[PDB]
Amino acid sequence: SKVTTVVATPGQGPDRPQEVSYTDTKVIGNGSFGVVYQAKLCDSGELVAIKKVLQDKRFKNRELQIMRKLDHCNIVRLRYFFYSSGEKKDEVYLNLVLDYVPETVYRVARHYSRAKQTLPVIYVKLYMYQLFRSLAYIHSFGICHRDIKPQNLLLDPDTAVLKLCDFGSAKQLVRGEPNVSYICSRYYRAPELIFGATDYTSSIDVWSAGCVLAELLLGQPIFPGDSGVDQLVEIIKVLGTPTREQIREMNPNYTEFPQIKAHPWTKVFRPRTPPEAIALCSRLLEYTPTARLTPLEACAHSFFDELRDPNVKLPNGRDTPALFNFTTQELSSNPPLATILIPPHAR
């Protein structure tokens, strides 16, 4: 309840620490590996989130390294960071001061689901489009998030702005460097991870995004289950068993299936589900990792055409959030897509 003054380092640019005062600190929740507090900046009265993570005495903090590089309207901004000490000894905390966003896609989806109500497809379009932009941006640095789930999609439901958060699982993936998946990609686990791949790529995030889309269309997870084994049974119910070629594309080291055919995608979702949403989902939830759309290709899909209509508005009458403020970095995987992604009225 008292005023706390720290010397905090701005997230972006070289280190230029500033005195920052905040107050009204209270626990509001958690990320995967840190408690999240709300606080009010004394200067502007603005609410911020402070994620407190343990600082290793000998190793750099990877989440901080990644977040200092990022600046995108669909990724939670690292305003500042600072260190604090408990009474223990070697007990040091890294404090990440983040923009505060009050709700998540999961909360809105769960509200609609528990009410037996379909989430309006305009919101599905807006949320998924903004997720795909955030992925296009991080993937352009080689950074894979590895924990894409609806609880990590922050949302202001009135403006419909979505921000990806929680980079505690994220890593730069480099061709030829093996990677593991013990504490990450547990929520919507891509099948190559279930099959034990250590050479996986950022397309694991696109699989997760496909699971988010399917959940928003169905009102429940498409592949529920705690373990990868459990999720795989559920994956087979829809996709059938992977072919020998798909297994080789997922994990060429997987030595040790009956042929079970896929279930038609139109029969997975309720009648009246928009056909383009089903088409999009079928190009995300693919066994072969290289067959999945890239994030930028997904943004350009016909499912998002309504967002490119000149007269589109939110249901509350407000303008849509920013959709066309692309950068070179974000477009870098396929700059010619800019012609389609940004209609003439938007540039």
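Start at 1 with the first residue shown and count on from there. Think of the rigid core as the biggest set of C-alphas that the two forms share within 1.5 Å after superposition.
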### Task
With everything overlaid on the rigid core, name the stretch, 169-177 or 223-231, whose CA atoms wander farther on average in 9 other deposited structures of this protein.
223-231
### Task
Give, as the answer, the stretch of 193-201 and 125-133 that departs more from the shown form in 9 other deposited structures of this protein; the measure is RMS Cα distance after a core fit.
193-201
### Task
Please report whether at least a third of the other compared entries leave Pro242 without coordinates.
no
### Query
Of the other PDB entries compared that resolve residues on either side of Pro120, does at least a third omit it?
no
### Task
Count, per the entry, the deposited residues between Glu256 and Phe257 that are not modelled, and return the matching class: none, 1 to 3, 4 to 9, or 10 or more.
1 to 3
### Query
Would 127-135 or 231-239 have the larger average of its C-alpha temperature factors, as given in the entry?
231-239
### Query
Out of 174-182 and 140-148, which one has CA B-factors that are higher on average in the deposited record?
174-182
### Query
Which listed residue, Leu307, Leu41, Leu296, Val36, has the largest C-alpha temperature factor in the record?
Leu41
### Query
Can you tell me which of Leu280, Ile66, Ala300, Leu47 has the highest Cα temperature factor in the record?
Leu47
### Task
Select lowest, middle or highest to describe the third in which the CA B-factor of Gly210 falls within its chain in this entry.
lowest
### Query
How does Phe82 rank on Cα B-factor within its chain, lowest, middle or highest third?
lowest
### Message
Please place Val3 in the lowest, middle or highest third of its chain according to the CA B-factor in the PDB entry.
### Response
highest
### Message
Using the temperature factors of the C-alpha atoms in this entry, rank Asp90 within its chain: lowest, middle or highest third.
### Response
highest
### Query
Lowest, middle or highest third: where is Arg292 by C-alpha B factor in its chain?
lowest
